[PDB]
């Protein structure tokens, strides 16, 4: 896929609303790649953690995005994926057990969102949702990253998640 241009407007929309950082993320093998991000120069600075700036590749098993994108696959394909690349711990909170990681991916499947709190880098939080195409294929993930000292976990649940779901929903018809 190569359609990050029409999405740039929705992301700035979500940021001007909430002062946070939104992105579209693509799964490549075992790392996930940001392909668009919300940028408003009048209020956002250009210094950002690992992966909040566009370009950087992060491991799938520690990001809210990456866990969302693995939940779609079948269980045996997930298993064959955890076998290949493994789960290297990065913070005191990374999911490194296998039975635990499968039961998360099944819960992110059923529930359609993933909140990951400090599971890749200390002081960073994110909520992600799947972004589908017309055919219903999961094609990317849309996520909201911030620092745990500025945003509380239920604001992400109570407020961001509704907006996230509306925005994913209106992309579906355009991609």
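Positions refer to the first chain, counted from 1.
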Report summary line: Assert higher mean C-alpha B factor (147 to 155 or 161 to 169, deposited values) equals 147 to 155
**Report entry** Comparing 43 to 51 with 59 to 67, the one whose average Cα B-factor in the PDB entry is higher
**Finding:** 43 to 51
Query - Among 125, 128, 36, 32 - the residue whose C-alpha B-factor is largest in the record - result: 32
Report summary line: For residue 106, the third of its chain by CA B-factor is the middle
Report task. Comparing against every modelled residue in the chain, figure out the third that the C-alpha B-factor of residue 112 lands in (lowest, middle or highest). Result -> lowest
Query raised in the report: Which third of the chain does residue 134 land in by C-alpha B-factor: lowest, middle or highest?
Result: middle
